[PDB]
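First up is the structure itself, then whatever we jot down about it.
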2 protein chains.
Amino acid sequence: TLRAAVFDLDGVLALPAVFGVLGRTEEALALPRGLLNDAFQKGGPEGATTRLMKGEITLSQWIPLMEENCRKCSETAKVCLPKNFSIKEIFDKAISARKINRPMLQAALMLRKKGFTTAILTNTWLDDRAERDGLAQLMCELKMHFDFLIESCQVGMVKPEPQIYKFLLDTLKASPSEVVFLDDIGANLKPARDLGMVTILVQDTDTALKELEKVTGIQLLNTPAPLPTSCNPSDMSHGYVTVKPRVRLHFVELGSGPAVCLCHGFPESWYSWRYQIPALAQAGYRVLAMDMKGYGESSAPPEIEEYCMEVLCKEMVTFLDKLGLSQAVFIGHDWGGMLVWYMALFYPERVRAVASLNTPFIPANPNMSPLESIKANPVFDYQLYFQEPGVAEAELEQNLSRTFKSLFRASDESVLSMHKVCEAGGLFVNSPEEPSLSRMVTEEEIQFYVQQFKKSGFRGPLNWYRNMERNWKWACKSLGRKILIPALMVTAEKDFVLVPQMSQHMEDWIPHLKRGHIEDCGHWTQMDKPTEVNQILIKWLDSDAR
Amino acid sequence: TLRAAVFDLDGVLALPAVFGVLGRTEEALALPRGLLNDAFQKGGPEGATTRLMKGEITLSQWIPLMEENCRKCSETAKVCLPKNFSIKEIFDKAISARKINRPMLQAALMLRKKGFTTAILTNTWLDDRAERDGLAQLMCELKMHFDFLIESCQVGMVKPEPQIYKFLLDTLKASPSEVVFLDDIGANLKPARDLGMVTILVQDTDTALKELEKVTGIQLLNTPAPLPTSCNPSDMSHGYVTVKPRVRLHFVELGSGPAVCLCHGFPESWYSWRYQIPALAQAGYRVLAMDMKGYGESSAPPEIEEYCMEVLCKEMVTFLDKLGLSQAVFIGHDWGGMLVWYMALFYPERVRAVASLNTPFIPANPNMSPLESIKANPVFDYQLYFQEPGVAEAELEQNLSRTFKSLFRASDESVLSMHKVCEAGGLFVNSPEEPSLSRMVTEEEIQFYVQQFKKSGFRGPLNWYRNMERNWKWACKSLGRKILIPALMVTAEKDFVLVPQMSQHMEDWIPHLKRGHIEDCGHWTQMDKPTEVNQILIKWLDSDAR
Ligand SMILES: CNC(=O)NC1CCCCC1
Ligand SMILES: CNC(=O)NC1CCCCC1
């Protein structure tokens, strides 16, 4: 019974196969059929290509040896190679053209999710070309999804030598009968078959995947659209910056490129961005997912005033100062969305671009108390419940699992009503003791939030709501300004608190505002509709943030 | 008696003054003298410029108001503004032309080092221009060197209003007679004088600095060349990546741009790069200064084999994988320099460029044991002393302060001889109990190393020397390769262990190798000659790493 699946890189996990470029080059240059592929494999186990694939020599050292093999082959075939024939050019083009075979990676992802040990076994080289980064990026993206990556040039062994197959089995800690091995080269498949491994000759992906699902008993073809890659907290780079003597900010960091600072809402975590972190890094950005002040590994002082927008914003500027960042794109959700509009208003030189999920920009009404404003909206009743220090902390801290299971629900699953929360005397008074698990979250993901909130509880987070008068007075200083930097407003159809219509007058303050809108999406945008959030943010980033 | 120095930005800490561009524009466009400066100050306290400087409006909102003031002024002067007259263009150019007045910053640096509280008090704006990053970078660089930055647009107050001066004094916690205030605008200097502050009207920097040194009693002019900016450990962003279950790597992170991974030697710290970290970040790079395996906040497992080059290198690849970095430029010193050549040899796709300070690349001799090789060089005797587990740990751990004070010495201060270390029975047998403090280090810097080494001691670090046979066998696999990626070798004249001549045959293995050489420099390159290390690395980075 199968418990491991092994995949080749070229022609299996990555297409088009670099081998298929040699044939295409022969046809384009009208050279004898097989001339390039014959020069490539010249001398077999003793040849330059085996030396390259075993790691004896680098790609740049191999290029002239391949050129000499091509001359020798053309001489024997009684033909002439063109005026400007370049092996470097041929391979640079072949390599950049090669992309991830997405349905093959999806099938590998599915087998791994169903308990399989997965591995990439590849005949590859030590790439020292000026353009080696392209392949490095490809390998980096692919490898993360597998338990093992075995590279011929690293192990000093090559397919079809029997030793690499015995090395594979030892790495897998599996008997051959427990392994599926997928390869586009029949000769390289032969030693796995001979050992008793289930083998699949990959020509077209669909047939290979049909053979793969038939042999594993797991649905791989026609499966529903998978979720984006998530984050394993223990596999991330964790960052810590002290912004003032008693205040330290924690963040998760992934990728290279323009800095993108992710700001969560209430009562959340850097982990609320788990589905965006790998996607935005893969899209060419340096992601900084914050644990906002009062949360997770960030400091949580008890004083209410430590959580007014003016201080939160100043500390975010200090956070950039200490990291040596002149700018970052600021992306916020909920309370983070509010902070992000205020960063754009008070510190535009530090904000490359601004984006908010659900939270609109509504300027302070100078002719009305923020208390009056909040009272005027029935859905904002829970904010008055949040005012008295200790009351909401006691209910929210009593049972952590219940708190998150009750809150983190899709629009069709709601167990909470935000109206008459004060009158009812609590957020969970008409909510079950043991709520069911929402389709948006696993039990483990709820438990990460439970463990985070065991450190400081709900005092710091609730203090974000306890600065109405302070925030209002500070916001009034910005009443003559406009937001003229790149800005994106993302509304969620079914957010019954931060309704899409609350954002209707934003172009009066943000004339060049760009928009996104997510249908059938509740308040928990990032986990509700991760695929669509990623698409909206990446499209806006590549066009407006660079 | 003076204890605080206050500096203006425009025309004081930054030159040329943006005000002086309006006059230059008038002259270039042959407009009436003062037309632009008169339109700029139009309406005085009630005018658009005061609104901008107080933060009521942003720079982009102000541009058309300045245009209307220019039209009004030209109308009164009975003149016409040119065909393509643009305030945006004028200010974009003015702002990008403005650079830090280096001798003024040096004097501020010196006063602060001598115990003064320093501050920048500026009439500035909320910059939301597409090109606002240039100024953000300038402010970011300047602010780090001062105790306070007071910006008119942030405090809703402007010079010469008396309230900003009272705000300044309150921020300083100083009586006016204790303050020196430097400004290029006599009108803005007047309220400070009236309060009893010592004032300096800044025209040329030299005269201002002459007045400043006369009044403070501190040498500011003709002073020796200062050291580069160092790092305060508590003001840095600290990063942590788990590379395998029992192994976590710590790093300090500063800047944006191409990733530059700094690798220290024995027995050092990320802190050995303190003088390079701010310089390389300022030069346009994302610096990652490691605590190498066995050191500081990085894990230090006891097993010798955990420290062979093969595992150290693989973990550095995993470090890049987890941070989401397809590449980094690798810069090493001493044992870090050795690791860095091996990264280039075994993982060229992951190494953007490679640089080593002092450590040459010498390939394994396949016809000789590494023990034989080390025995053949008398200066390498101490490495045989390092072999026996426990012996060097006991001497190096006995007195930490003595260990670092004895080791970290300039070429003209040496207290240690690396020959006959085994025969003598120790590294410090002919060394004092209380060594004098080297000119390279302060007592506090020695104490940071003492505190770091209290965590894991010398076992992990000494284990870097205990893998000769393992490293040799692994290095032999690379004997047919060449290093063909961008590479830099930096030799130190007076390093009597890693002598410049040990690097003489490197072009046989690295044909395109670039070189740097530091005269009168011992083994501790980074702290011995920080200014010259920075110049060599930055020049090579900008040309070969991008
Ligand atoms: C639970 N959501 C919530 O209270 N969000 C607030 C964000 C700031 C604006 C008011 C609502
Ligand atoms: C104290 N320096 C030291 O032992 N450095 C080593 C680096 C690796 C090559 C041999 C010397």
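Throughout, chain A uses Swiss-Prot numbering, with the displayed residues spanning 2-547 in order.
Method on record in the header is X-ray crystallography, 2.2 Å.
Every residue, even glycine, has its Cβ placed from backbone N, Cα and C.
Marked as active site, nucleophile by Swiss-Prot: A:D335. Of all Cβ atoms in the shown protein chains, 25 besides its own fall within 10 Å of the Cβ of A:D335 (active site, nucleophile).
What Swiss-Prot lists as active site, proton donor is A:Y466. Summarising the environment of A:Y466 (active site, proton donor), the number of other Cβ atoms within 10 Å of its Cβ, over all protein chains shown, is 20.
Marked as Mg(2+) binding site by Swiss-Prot: A:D9, A:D11, A:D185. Within the same chain, the residues at least 6 positions away from A:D11 (Mg(2+) binding site) whose Cβ sits under 8 Å from its Cβ are A:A18, A:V19, A:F20, A:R99, A:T123, A:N124, A:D185, listed in sequence order.
Using a 10 Å radius centred on the Cβ of A:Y383 (substrate binding site) and all shown protein chains, the other Cβ atoms total 20. In the three-state DSSP assignment, the secondary structure recorded for A:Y383 (substrate binding site) is helix. The substrate binding site annotation in Swiss-Prot covers A:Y383.
The annotation domain 'AB hydrolase-1' is assigned in Swiss-Prot to A:259-531.
The S-(15-deoxy-Delta12,14-prostaglandin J2-9-yl)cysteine annotation in Swiss-Prot covers A:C522. For A:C522 (S-(15-deoxy-Delta12,14-prostaglandin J2-9-yl)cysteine), the same-chain residues 6+ apart in sequence whose C-beta sits under 8 angstroms from its C-beta are A:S412, A:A493, A:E494, A:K495, A:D496, A:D529, A:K530, A:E533.
Here Swiss-Prot flags A:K43 (among others) as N6-acetyllysine, drawing on a large-scale study or a structure entry. Annotation note: A:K43 (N6-acetyllysine) sits in a coil segment as assigned by DSSP. Counting Cβ atoms from all protein chains shown, A:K43 (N6-acetyllysine) has 18 others lying within 10 Å of its own Cβ.
The annotation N6-succinyllysine is assigned in Swiss-Prot to A:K55 (among others) on the grounds of similarity to another entry. Its Cβ taken as reference, A:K55 (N6-succinyllysine) is surrounded by 21 other Cβ atoms within 10 Å in the chains shown.
Per Swiss-Prot, the feature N6-acetyllysine maps to A:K191 (among others). Around A:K191 (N6-acetyllysine), the same-chain residues at least 6 positions away in sequence with a Cβ under 8 Å from its Cβ are A:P161.
The annotation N6-acetyllysine is assigned in Swiss-Prot to A:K215 (among others) on the grounds of similarity to another entry. There are 12 other CB atoms within 10 A of the CB of A:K215 (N6-acetyllysine), with all protein chains counted.
The number of other Cβ atoms within 10 Å of the Cβ belonging to A:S370 (phosphoserine), over all protein chains shown, comes to 12. As annotated by Swiss-Prot, phosphoserine applies to A:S370, with the evidence given as similarity to another entry.
Per Swiss-Prot, the feature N6-succinyllysine maps to A:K421 (among others). Sequence-distant contacts of A:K421 (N6-succinyllysine), defined by Cβ-Cβ distance under 8 angstroms and a gap of at least six in the same chain, are A:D382. Secondary structure from DSSP puts A:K421 (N6-succinyllysine) in coil.
Within 10 Å of the C-beta of A:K455 (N6-succinyllysine) we count 10 further C-beta atoms, all protein chains included. In the three-state DSSP reading, A:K455 (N6-succinyllysine) counts as helix. The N6-succinyllysine feature in Swiss-Prot is assigned to A:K455 (among others); the stated evidence is similarity to another entry.
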Fewest other Cβ within 10 angstroms of its own Cβ, chosen from the binding-site residues A:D9, A:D185: A:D185
Recorded positions whose CB lies under 6 angstroms from ligand 1, from A:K191, A:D335, A:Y383: A:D335
Other residues, Cβ within 8 Å of A:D9, A:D11, A:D185 Cβ centroid (Mg(2+) site): A:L10, A:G12, A:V13, A:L14, A:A15, A:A18, A:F20, A:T123, A:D184, A:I186, A:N189, A:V203
Pairwise Cα distance for A:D335 (active site, nucleophile)/A:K455 (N6-succinyllysine) [Å, integer]: 22
Distance from A:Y466 (active site, proton donor) back to A:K55 (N6-succinyllysine), taken between C-alpha atoms, in Å: 62
Rounded distance in angstrom between the Cα atoms of A:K215 (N6-acetyllysine) and A:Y383 (substrate binding site): 54
Distance [Cα-Cα, Å, rounded] between A:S370 (phosphoserine) and A:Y383 (substrate binding site): 17
Structural state of A:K215 (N6-acetyllysine), classified by DSSP into three states: helix
Rounded Cα separation (Å) that holds between A:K43 (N6-acetyllysine) and A:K455 (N6-succinyllysine): 65
Spatial neighbour of A:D9 (Mg(2+) binding site) that is closest, considering only the recorded positions A:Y383, A:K455, A:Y466 and their CA atoms: A:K455
